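Just start-v8.pdb here, PDB, N, CA, C and O atoms:
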```
MODEL        1
ATOM      1  N   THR C 166      10.619 -43.877   6.477
ATOM      2  CA  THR C 166      10.619 -42.671   7.353
ATOM      3  C   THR C 166      12.021 -42.392   7.885
ATOM      4  O   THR C 166      12.739 -41.544   7.353
ATOM      5  N   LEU C 167      12.408 -43.111   8.941
ATOM      6  CA  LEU C 167      13.740 -42.927   9.508
ATOM      7  C   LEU C 167      14.821 -43.296   8.500
ATOM      8  O   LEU C 167      15.826 -42.588   8.368
ATOM      9  N   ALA C 168      14.632 -44.403   7.778
ATOM     10  CA  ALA C 168      15.604 -44.797   6.764
ATOM     11  C   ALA C 168      15.686 -43.760   5.651
ATOM     12  O   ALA C 168      16.774 -43.469   5.141
ATOM     13  N   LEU C 169      14.542 -43.197   5.255
ATOM     14  CA  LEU C 169      14.547 -42.163   4.226
ATOM     15  C   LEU C 169      15.325 -40.937   4.686
ATOM     16  O   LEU C 169      16.049 -40.320   3.897
ATOM     17  N   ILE C 170      15.183 -40.566   5.960
ATOM     18  CA  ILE C 170      15.932 -39.429   6.488
ATOM     19  C   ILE C 170      17.428 -39.707   6.429
ATOM     20  O   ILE C 170      18.224 -38.835   6.060
ATOM     21  N   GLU C 171      17.836 -40.923   6.799
ATOM     22  CA  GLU C 171      19.251 -41.276   6.737
ATOM     23  C   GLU C 171      19.765 -41.240   5.304
ATOM     24  O   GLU C 171      20.878 -40.767   5.046
ATOM     25  N   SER C 172      18.971 -41.743   4.356
ATOM     26  CA  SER C 172      19.382 -41.707   2.956
ATOM     27  C   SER C 172      19.526 -40.273   2.463
ATOM     28  O   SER C 172      20.480 -39.945   1.748
ATOM     29  N   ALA C 173      18.583 -39.403   2.832
ATOM     30  CA  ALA C 173      18.675 -38.002   2.436
ATOM     31  C   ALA C 173      19.907 -37.342   3.041
ATOM     32  O   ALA C 173      20.593 -36.559   2.374
ATOM     33  N   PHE C 174      20.200 -37.641   4.309
ATOM     34  CA  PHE C 174      21.391 -37.084   4.941
ATOM     35  C   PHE C 174      22.657 -37.563   4.243
ATOM     36  O   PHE C 174      23.593 -36.784   4.033
ATOM     37  N   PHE C 175      22.706 -38.846   3.879
ATOM     38  CA  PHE C 175      23.867 -39.368   3.164
ATOM     39  C   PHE C 175      24.021 -38.696   1.805
ATOM     40  O   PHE C 175      25.138 -38.369   1.388
ATOM     41  N   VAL C 176      22.909 -38.488   1.098
ATOM     42  CA  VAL C 176      22.968 -37.817  -0.198
ATOM     43  C   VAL C 176      23.473 -36.389  -0.033
ATOM     44  O   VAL C 176      24.289 -35.906  -0.828
ATOM     45  N   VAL C 177      22.990 -35.689   0.995
ATOM     46  CA  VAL C 177      23.438 -34.321   1.240
ATOM     47  C   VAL C 177      24.927 -34.298   1.559
ATOM     48  O   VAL C 177      25.663 -33.418   1.098
ATOM     49  N   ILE C 178      25.392 -35.258   2.362
ATOM     50  CA  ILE C 178      26.811 -35.322   2.700
ATOM     51  C   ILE C 178      27.644 -35.573   1.451
ATOM     52  O   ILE C 178      28.705 -34.965   1.261
ATOM     53  N   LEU C 179      27.187 -36.480   0.585
ATOM     54  CA  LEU C 179      27.913 -36.751  -0.651
ATOM     55  C   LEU C 179      27.962 -35.516  -1.541
ATOM     56  O   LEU C 179      29.001 -35.211  -2.140
ATOM     57  N   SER C 180      26.845 -34.792  -1.644
ATOM     58  CA  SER C 180      26.828 -33.572  -2.445
ATOM     59  C   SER C 180      27.780 -32.529  -1.875
ATOM     60  O   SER C 180      28.491 -31.849  -2.625
ATOM     61  N   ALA C 181      27.803 -32.384  -0.549
ATOM     62  CA  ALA C 181      28.718 -31.435   0.075
ATOM     63  C   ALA C 181      30.169 -31.823  -0.179
ATOM     64  O   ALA C 181      31.013 -30.961  -0.448
ATOM     65  N   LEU C 182      30.479 -33.118  -0.093
ATOM     66  CA  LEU C 182      31.838 -33.572  -0.371
ATOM     67  C   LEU C 182      32.220 -33.297  -1.820
ATOM     68  O   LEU C 182      33.346 -32.872  -2.104
ATOM     69  N   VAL C 183      31.294 -33.535  -2.751
ATOM     70  CA  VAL C 183      31.572 -33.263  -4.159
ATOM     71  C   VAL C 183      31.823 -31.776  -4.371
ATOM     72  O   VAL C 183      32.747 -31.383  -5.094
ATOM     73  N   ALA C 184      31.005 -30.926  -3.747
ATOM     74  CA  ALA C 184      31.198 -29.486  -3.877
ATOM     75  C   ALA C 184      32.544 -29.058  -3.305
ATOM     76  O   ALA C 184      33.248 -28.234  -3.901
ATOM     77  N   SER C 185      32.918 -29.607  -2.147
ATOM     78  CA  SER C 185      34.208 -29.272  -1.552
ATOM     79  C   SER C 185      35.355 -29.708  -2.453
ATOM     80  O   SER C 185      36.350 -28.988  -2.599
ATOM     81  N   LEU C 186      35.241 -30.891  -3.059
ATOM     82  CA  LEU C 186      36.271 -31.342  -3.989
ATOM     83  C   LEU C 186      36.359 -30.419  -5.198
ATOM     84  O   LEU C 186      37.458 -30.103  -5.669
ATOM     85  N   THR C 187      35.210 -29.978  -5.715
ATOM     86  CA  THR C 187      35.201 -29.120  -6.895
ATOM     87  C   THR C 187      35.598 -27.685  -6.572
ATOM     88  O   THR C 187      36.225 -27.020  -7.405
ATOM     89  N   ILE C 188      35.249 -27.191  -5.386
ATOM     90  CA  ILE C 188      35.512 -25.812  -4.989
ATOM     91  C   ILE C 188      36.577 -25.826  -3.901
ATOM     92  O   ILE C 188      36.408 -26.477  -2.863
ATOM     93  N   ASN C 189      37.666 -25.097  -4.133
ATOM     94  CA  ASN C 189      38.778 -25.033  -3.194
ATOM     95  C   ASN C 189      38.575 -23.989  -2.103
ATOM     96  O   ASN C 189      39.427 -23.870  -1.216
ATOM     97  N   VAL C 190      37.477 -23.232  -2.144
ATOM     98  CA  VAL C 190      37.239 -22.216  -1.123
ATOM     99  C   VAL C 190      37.101 -22.862   0.249
ATOM    100  O   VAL C 190      37.668 -22.382   1.239
ATOM    101  N   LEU C 191      36.346 -23.960   0.333
ATOM    102  CA  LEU C 191      36.163 -24.633   1.614
ATOM    103  C   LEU C 191      37.474 -25.202   2.141
ATOM    104  O   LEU C 191      37.665 -25.294   3.359
ATOM    105  N   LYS C 192      38.386 -25.589   1.247
ATOM    106  CA  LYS C 192      39.656 -26.160   1.678
ATOM    107  C   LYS C 192      40.489 -25.174   2.486
ATOM    108  O   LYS C 192      41.354 -25.599   3.260
ATOM    109  N   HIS C 193      40.251 -23.870   2.326
ATOM    110  CA  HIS C 193      41.021 -22.877   3.066
ATOM    111  C   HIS C 193      40.778 -22.958   4.567
ATOM    112  O   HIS C 193      41.607 -22.469   5.343
ATOM    113  N   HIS C 194      39.671 -23.559   4.993
ATOM    114  CA  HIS C 194      39.327 -23.669   6.404
ATOM    115  C   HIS C 194      39.673 -25.064   6.908
ATOM    116  O   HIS C 194      39.365 -26.062   6.249
ATOM    117  N   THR C 195      40.313 -25.126   8.075
ATOM    118  CA  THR C 195      40.705 -26.388   8.683
ATOM    119  C   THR C 195      40.380 -26.352  10.169
ATOM    120  O   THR C 195      40.323 -25.282  10.782
ATOM    121  N   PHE C 196      40.166 -27.534  10.742
ATOM    122  CA  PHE C 196      39.852 -27.655  12.158
ATOM    123  C   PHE C 196      40.437 -28.954  12.690
ATOM    124  O   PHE C 196      40.579 -29.936  11.956
ATOM    125  N   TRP C 197      40.773 -28.949  13.981
ATOM    126  CA  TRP C 197      41.333 -30.120  14.652
ATOM    127  C   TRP C 197      42.607 -30.606  13.968
ATOM    128  O   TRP C 197      42.903 -31.803  13.960
ATOM    129  N   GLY C 198      43.370 -29.682  13.388
ATOM    130  CA  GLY C 198      44.592 -30.037  12.698
ATOM    131  C   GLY C 198      44.396 -30.637  11.326
ATOM    132  O   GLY C 198      45.377 -31.077  10.716
ATOM    133  N   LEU C 199      43.165 -30.671  10.821
ATOM    134  CA  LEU C 199      42.875 -31.231   9.510
ATOM    135  C   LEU C 199      41.899 -30.317   8.785
ATOM    136  O   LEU C 199      41.140 -29.567   9.403
ATOM    137  N   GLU C 200      41.931 -30.388   7.457
ATOM    138  CA  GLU C 200      41.051 -29.559   6.648
ATOM    139  C   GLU C 200      39.593 -29.934   6.887
ATOM    140  O   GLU C 200      39.253 -31.101   7.100
ATOM    141  N   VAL C 201      38.723 -28.922   6.851
ATOM    142  CA  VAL C 201      37.300 -29.156   7.083
ATOM    143  C   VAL C 201      36.737 -30.094   6.024
ATOM    144  O   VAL C 201      35.885 -30.945   6.315
ATOM    145  N   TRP C 202      37.196 -29.951   4.778
ATOM    146  CA  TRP C 202      36.741 -30.852   3.727
ATOM    147  C   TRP C 202      37.098 -32.295   4.049
ATOM    148  O   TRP C 202      36.346 -33.210   3.701
ATOM    149  N   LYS C 203      38.225 -32.520   4.727
ATOM    150  CA  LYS C 203      38.597 -33.878   5.111
ATOM    151  C   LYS C 203      37.568 -34.479   6.063
ATOM    152  O   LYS C 203      37.123 -35.616   5.877
ATOM    153  N   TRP C 204      37.172 -33.723   7.090
ATOM    154  CA  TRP C 204      36.181 -34.225   8.037
ATOM    155  C   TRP C 204      34.825 -34.421   7.368
ATOM    156  O   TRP C 204      34.124 -35.406   7.641
ATOM    157  N   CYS C 205      34.431 -33.486   6.501
ATOM    158  CA  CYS C 205      33.166 -33.637   5.790
ATOM    159  C   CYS C 205      33.176 -34.889   4.923
ATOM    160  O   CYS C 205      32.197 -35.646   4.896
ATOM    161  N   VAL C 206      34.281 -35.128   4.214
ATOM    162  CA  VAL C 206      34.392 -36.320   3.383
ATOM    163  C   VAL C 206      34.390 -37.571   4.246
ATOM    164  O   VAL C 206      33.849 -38.603   3.850
ATOM    165  N   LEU C 207      34.987 -37.505   5.436
ATOM    166  CA  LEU C 207      34.978 -38.663   6.326
ATOM    167  C   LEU C 207      33.558 -39.004   6.767
ATOM    168  O   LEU C 207      33.149 -40.172   6.743
ATOM    169  N   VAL C 208      32.790 -37.994   7.178
ATOM    170  CA  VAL C 208      31.419 -38.240   7.625
ATOM    171  C   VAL C 208      30.572 -38.761   6.467
ATOM    172  O   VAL C 208      29.795 -39.720   6.612
ATOM    173  N   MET C 209      30.702 -38.124   5.299
ATOM    174  CA  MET C 209      30.011 -38.616   4.116
ATOM    175  C   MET C 209      30.442 -40.035   3.784
ATOM    176  O   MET C 209      29.634 -40.828   3.297
ATOM    177  N   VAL C 210      31.705 -40.375   4.045
ATOM    178  CA  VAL C 210      32.183 -41.729   3.803
ATOM    179  C   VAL C 210      31.474 -42.707   4.722
ATOM    180  O   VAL C 210      31.036 -43.773   4.290
ATOM    181  N   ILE C 211      31.334 -42.355   6.001
ATOM    182  CA  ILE C 211      30.623 -43.236   6.929
ATOM    183  C   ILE C 211      29.200 -43.480   6.435
ATOM    184  O   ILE C 211      28.742 -44.628   6.318
ATOM    185  N   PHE C 212      28.484 -42.398   6.120
ATOM    186  CA  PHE C 212      27.072 -42.536   5.768
ATOM    187  C   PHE C 212      26.899 -43.262   4.435
ATOM    188  O   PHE C 212      26.096 -44.201   4.322
ATOM    189  N   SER C 213      27.642 -42.840   3.410
ATOM    190  CA  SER C 213      27.583 -43.505   2.119
ATOM    191  C   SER C 213      28.087 -44.935   2.194
ATOM    192  O   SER C 213      27.666 -45.762   1.387
ATOM    193  N   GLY C 214      28.956 -45.257   3.152
ATOM    194  CA  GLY C 214      29.380 -46.634   3.316
ATOM    195  C   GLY C 214      28.286 -47.499   3.902
ATOM    196  O   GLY C 214      28.107 -48.645   3.491
ATOM    197  N   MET C 215      27.532 -46.962   4.862
ATOM    198  CA  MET C 215      26.351 -47.681   5.334
ATOM    199  C   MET C 215      25.369 -47.911   4.188
ATOM    200  O   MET C 215      24.865 -49.029   3.988
ATOM    201  N   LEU C 216      25.102 -46.860   3.409
ATOM    202  CA  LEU C 216      24.178 -46.992   2.285
ATOM    203  C   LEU C 216      24.689 -48.005   1.265
ATOM    204  O   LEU C 216      23.919 -48.823   0.748
ATOM    205  N   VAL C 217      25.988 -47.964   0.965
ATOM    206  CA  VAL C 217      26.569 -48.862  -0.024
ATOM    207  C   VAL C 217      26.565 -50.293   0.488
ATOM    208  O   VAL C 217      26.396 -51.235  -0.287
ATOM    209  N   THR C 218      26.771 -50.487   1.792
ATOM    210  CA  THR C 218      26.681 -51.828   2.354
ATOM    211  C   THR C 218      25.274 -52.385   2.196
ATOM    212  O   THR C 218      25.097 -53.543   1.797
ATOM    213  N   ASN C 219      24.258 -51.570   2.490
ATOM    214  CA  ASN C 219      22.883 -52.026   2.295
ATOM    215  C   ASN C 219      22.623 -52.363   0.828
ATOM    216  O   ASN C 219      22.057 -53.419   0.505
ATOM    217  N   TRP C 220      23.047 -51.477  -0.077
ATOM    218  CA  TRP C 220      22.808 -51.697  -1.500
ATOM    219  C   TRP C 220      23.544 -52.934  -2.000
ATOM    220  O   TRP C 220      23.012 -53.693  -2.816
ATOM    221  N   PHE C 221      24.772 -53.150  -1.526
ATOM    222  CA  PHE C 221      25.547 -54.308  -1.951
ATOM    223  C   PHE C 221      24.948 -55.597  -1.411
ATOM    224  O   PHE C 221      24.953 -56.621  -2.100
ATOM    225  N   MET C 222      24.430 -55.573  -0.181
ATOM    226  CA  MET C 222      23.729 -56.744   0.330
ATOM    227  C   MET C 222      22.512 -57.061  -0.529
ATOM    228  O   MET C 222      22.280 -58.223  -0.891
ATOM    229  N   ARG C 223      21.733 -56.035  -0.883
ATOM    230  CA  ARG C 223      20.572 -56.261  -1.740
ATOM    231  C   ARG C 223      20.990 -56.814  -3.099
ATOM    232  O   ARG C 223      20.366 -57.748  -3.620
ATOM    233  N   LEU C 224      22.046 -56.250  -3.688
ATOM    234  CA  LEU C 224      22.503 -56.702  -4.998
ATOM    235  C   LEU C 224      23.021 -58.133  -4.941
ATOM    236  O   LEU C 224      22.788 -58.919  -5.865
ATOM    237  N   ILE C 225      23.736 -58.487  -3.872
ATOM    238  CA  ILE C 225      24.232 -59.851  -3.725
ATOM    239  C   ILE C 225      23.070 -60.821  -3.578
ATOM    240  O   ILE C 225      23.082 -61.917  -4.151
ATOM    241  N   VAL C 226      22.050 -60.439  -2.807
ATOM    242  CA  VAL C 226      20.872 -61.292  -2.670
ATOM    243  C   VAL C 226      20.209 -61.493  -4.027
ATOM    244  O   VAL C 226      19.837 -62.612  -4.401
ATOM    245  N   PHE C 227      20.059 -60.407  -4.791
ATOM    246  CA  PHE C 227      19.436 -60.513  -6.107
ATOM    247  C   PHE C 227      20.251 -61.407  -7.034
ATOM    248  O   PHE C 227      19.692 -62.242  -7.755
ATOM    249  N   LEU C 228      21.577 -61.246  -7.030
ATOM    250  CA  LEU C 228      22.427 -62.068  -7.885
ATOM    251  C   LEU C 228      22.341 -63.537  -7.496
ATOM    252  O   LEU C 228      22.284 -64.416  -8.364
ATOM    253  N   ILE C 229      22.332 -63.826  -6.192
ATOM    254  CA  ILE C 229      22.188 -65.206  -5.741
ATOM    255  C   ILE C 229      20.847 -65.767  -6.190
ATOM    256  O   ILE C 229      20.740 -66.943  -6.560
ATOM    257  N   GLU C 230      19.801 -64.938  -6.163
ATOM    258  CA  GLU C 230      18.502 -65.380  -6.659
ATOM    259  C   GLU C 230      18.577 -65.746  -8.136
ATOM    260  O   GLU C 230      18.014 -66.761  -8.562
ATOM    261  N   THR C 231      19.268 -64.929  -8.934
ATOM    262  CA  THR C 231      19.429 -65.217 -10.353
ATOM    263  C   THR C 231      20.519 -66.244 -10.624
ATOM    264  O   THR C 231      20.590 -66.772 -11.740
ATOM    265  N   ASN C 232      21.365 -66.538  -9.641
ATOM    266  CA  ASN C 232      22.433 -67.507  -9.833
ATOM    267  C   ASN C 232      21.860 -68.900 -10.064
ATOM    268  O   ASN C 232      20.788 -69.250  -9.561
ATOM    269  N   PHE C 233      22.592 -69.703 -10.840
ATOM    270  CA  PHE C 233      22.139 -71.058 -11.136
ATOM    271  C   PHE C 233      22.043 -71.904  -9.874
ATOM    272  O   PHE C 233      21.086 -72.671  -9.714
ATOM    273  N   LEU C 234      23.016 -71.785  -8.974
ATOM    274  CA  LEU C 234      22.996 -72.567  -7.745
ATOM    275  C   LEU C 234      21.738 -72.263  -6.941
ATOM    276  O   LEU C 234      21.336 -71.105  -6.796
ATOM    277  N   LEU C 235      21.114 -73.320  -6.414
ATOM    278  CA  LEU C 235      19.891 -73.183  -5.631
ATOM    279  C   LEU C 235      19.910 -74.093  -4.408
ATOM    280  O   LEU C 235      18.859 -74.579  -3.976
ATOM    281  N   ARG C 236      21.090 -74.336  -3.841
ATOM    282  CA  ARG C 236      21.191 -75.197  -2.671
ATOM    283  C   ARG C 236      20.414 -74.600  -1.504
ATOM    284  O   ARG C 236      20.528 -73.407  -1.210
ATOM    285  N   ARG C 237      19.617 -75.440  -0.839
ATOM    286  CA  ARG C 237      18.822 -74.964   0.288
ATOM    287  C   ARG C 237      19.711 -74.492   1.431
ATOM    288  O   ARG C 237      19.446 -73.452   2.045
ATOM    289  N   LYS C 238      20.771 -75.246   1.734
ATOM    290  CA  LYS C 238      21.659 -74.863   2.826
ATOM    291  C   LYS C 238      22.341 -73.531   2.541
ATOM    292  O   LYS C 238      22.478 -72.690   3.438
ATOM    293  N   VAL C 239      22.780 -73.322   1.298
ATOM    294  CA  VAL C 239      23.456 -72.075   0.950
ATOM    295  C   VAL C 239      22.506 -70.894   1.107
ATOM    296  O   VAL C 239      22.885 -69.837   1.625
ATOM    297  N   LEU C 240      21.259 -71.051   0.656
ATOM    298  CA  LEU C 240      20.288 -69.970   0.783
ATOM    299  C   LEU C 240      20.033 -69.630   2.245
ATOM    300  O   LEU C 240      19.973 -68.452   2.617
ATOM    301  N   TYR C 241      19.876 -70.652   3.090
ATOM    302  CA  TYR C 241      19.649 -70.406   4.510
ATOM    303  C   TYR C 241      20.851 -69.722   5.148
ATOM    304  O   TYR C 241      20.693 -68.793   5.949
ATOM    305  N   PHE C 242      22.063 -70.169   4.808
ATOM    306  CA  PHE C 242      23.259 -69.529   5.346
ATOM    307  C   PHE C 242      23.319 -68.063   4.938
ATOM    308  O   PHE C 242      23.631 -67.192   5.760
ATOM    309  N   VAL C 243      23.028 -67.774   3.669
ATOM    310  CA  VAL C 243      23.076 -66.396   3.188
ATOM    311  C   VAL C 243      22.042 -65.549   3.918
ATOM    312  O   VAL C 243      22.327 -64.431   4.361
ATOM    313  N   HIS C 244      20.822 -66.073   4.056
ATOM    314  CA  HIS C 244      19.778 -65.323   4.745
ATOM    315  C   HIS C 244      20.170 -65.042   6.189
ATOM    316  O   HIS C 244      19.958 -63.934   6.695
ATOM    317  N   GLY C 245      20.743 -66.036   6.870
ATOM    318  CA  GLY C 245      21.132 -65.839   8.255
ATOM    319  C   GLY C 245      22.269 -64.847   8.419
ATOM    320  O   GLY C 245      22.252 -64.019   9.334
ATOM    321  N   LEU C 246      23.269 -64.912   7.541
ATOM    322  CA  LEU C 246      24.490 -64.133   7.699
ATOM    323  C   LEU C 246      24.484 -62.821   6.925
ATOM    324  O   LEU C 246      25.492 -62.108   6.947
ATOM    325  N   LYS C 247      23.394 -62.489   6.228
ATOM    326  CA  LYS C 247      23.361 -61.243   5.468
ATOM    327  C   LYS C 247      23.626 -60.038   6.362
ATOM    328  O   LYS C 247      24.487 -59.204   6.060
TER
ENDMDL
END
```
Written form, structure tokens:
Amino acid sequence: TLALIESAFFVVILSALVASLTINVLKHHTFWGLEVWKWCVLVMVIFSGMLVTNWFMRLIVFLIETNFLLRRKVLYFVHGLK
């Protein structure tokens, strides 16, 4: 629910950033001494970075599961510090 809304917002921000990069019309507008596309890309960076951190944590957990090492202490440390 709430997580899905955040993911959708991050996807929308990424799409807007891609459109701004592809279309120079938005670049003509600037605010706070910086281009509007810069701020949009920054916000999309924050959101997509949260999403990428979650995805990378999941991928690291999966790789550790498939990894040959199976030390109990290492698994507990990873679970605690994820």
Check the smallest atom-to-atom distance from each of C:230, C:175, C:181, C:237 to residue 214 of chain C using only N, CA, C and O atoms, then report the winner.
C:175
I'd like the residues picked by the PyMOL selection byres (((chain C and resi 166-173 and name CA) around 12) and name CA) written out as JSON, numbers by chain, using the chain letters and numbers from the file.
{"C": [174, 175, 176, 177, 178, 179, 180, 209, 211, 212, 213, 214, 215, 216, 217, 219, 220]}
To one decimal place, how far is atom CA of residue 218 of chain C from atom CA of residue 234 of chain C in Å?
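Separation of atom CA of residue 218 of chain C and atom CA of residue 234 of chain C: 23.4 Å.
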Please return, as a ChimeraX atom specification, all residues of chain C that DSSP assigns to helix (DSSP H, G or I) on the basis of the backbone.
/C:167-187,191-193,201-231,237-246
Quick one: pull the distance between atom N of residue 206 of chain C and atom CA of residue 182 of chain C, Å, one decimal.
5.4 Å
Quick check, in Å to one decimal: how far apart do atom C of residue 185 of chain C and atom N of residue 202 of chain C lie?
7.5 Å
For segment 238-240 of chain C: contacts at 12 Å, only C-alpha atoms, fewer than 6 positions along chain excluded, given as a PDB file with N, CA, C and O atoms, keeping the file's coordinate frame:
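The resulting file, out33.pdb, is reproduced below:
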```
ATOM      1  N   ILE C 225      23.736 -58.487  -3.872  1.00  0.00           N
ATOM      2  CA  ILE C 225      24.232 -59.851  -3.725  1.00  0.00           C
ATOM      3  C   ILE C 225      23.070 -60.821  -3.578  1.00  0.00           C
ATOM      4  O   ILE C 225      23.082 -61.917  -4.151  1.00  0.00           O
ATOM      5  N   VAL C 226      22.050 -60.439  -2.807  1.00  0.00           N
ATOM      6  CA  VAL C 226      20.872 -61.292  -2.670  1.00  0.00           C
ATOM      7  C   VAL C 226      20.209 -61.493  -4.027  1.00  0.00           C
ATOM      8  O   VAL C 226      19.837 -62.612  -4.401  1.00  0.00           O
ATOM      9  N   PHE C 227      20.059 -60.407  -4.791  1.00  0.00           N
ATOM     10  CA  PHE C 227      19.436 -60.513  -6.107  1.00  0.00           C
ATOM     11  C   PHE C 227      20.251 -61.407  -7.034  1.00  0.00           C
ATOM     12  O   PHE C 227      19.692 -62.242  -7.755  1.00  0.00           O
ATOM     13  N   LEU C 228      21.577 -61.246  -7.030  1.00  0.00           N
ATOM     14  CA  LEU C 228      22.427 -62.068  -7.885  1.00  0.00           C
ATOM     15  C   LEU C 228      22.341 -63.537  -7.496  1.00  0.00           C
ATOM     16  O   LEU C 228      22.284 -64.416  -8.364  1.00  0.00           O
ATOM     17  N   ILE C 229      22.332 -63.826  -6.192  1.00  0.00           N
ATOM     18  CA  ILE C 229      22.188 -65.206  -5.741  1.00  0.00           C
ATOM     19  C   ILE C 229      20.847 -65.767  -6.190  1.00  0.00           C
ATOM     20  O   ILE C 229      20.740 -66.943  -6.560  1.00  0.00           O
ATOM     21  N   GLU C 230      19.801 -64.938  -6.163  1.00  0.00           N
ATOM     22  CA  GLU C 230      18.502 -65.380  -6.659  1.00  0.00           C
ATOM     23  C   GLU C 230      18.577 -65.746  -8.136  1.00  0.00           C
ATOM     24  O   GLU C 230      18.014 -66.761  -8.562  1.00  0.00           O
ATOM     25  N   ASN C 232      21.365 -66.538  -9.641  1.00  0.00           N
ATOM     26  CA  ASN C 232      22.433 -67.507  -9.833  1.00  0.00           C
ATOM     27  C   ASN C 232      21.860 -68.900 -10.064  1.00  0.00           C
ATOM     28  O   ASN C 232      20.788 -69.250  -9.561  1.00  0.00           O
ATOM     29  N   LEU C 246      23.269 -64.912   7.541  1.00  0.00           N
ATOM     30  CA  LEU C 246      24.490 -64.133   7.699  1.00  0.00           C
ATOM     31  C   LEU C 246      24.484 -62.821   6.925  1.00  0.00           C
ATOM     32  O   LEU C 246      25.492 -62.108   6.947  1.00  0.00           O
ATOM     33  N   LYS C 247      23.394 -62.489   6.228  1.00  0.00           N
ATOM     34  CA  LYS C 247      23.361 -61.243   5.468  1.00  0.00           C
ATOM     35  C   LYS C 247      23.626 -60.038   6.362  1.00  0.00           C
ATOM     36  O   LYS C 247      24.487 -59.204   6.060  1.00  0.00           O
TER      37      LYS C 247
END
```
With 4 Å on each side, where is the centre of the axis-aligned box around all listed atoms of segment 224-240 of chain C, and how long are its edges in Å to one decimal, as JSON?
```
{"center_x": 21.1, "center_y": -65.8, "center_z": -4.2, "size_x": 14.2, "size_y": 27.2, "size_z": 23.2}
```
Could you give me the residues within chain C that DSSP places in strand (DSSP E or B), as a list in words?
residues 195, 196, 199 and 200 of chain C
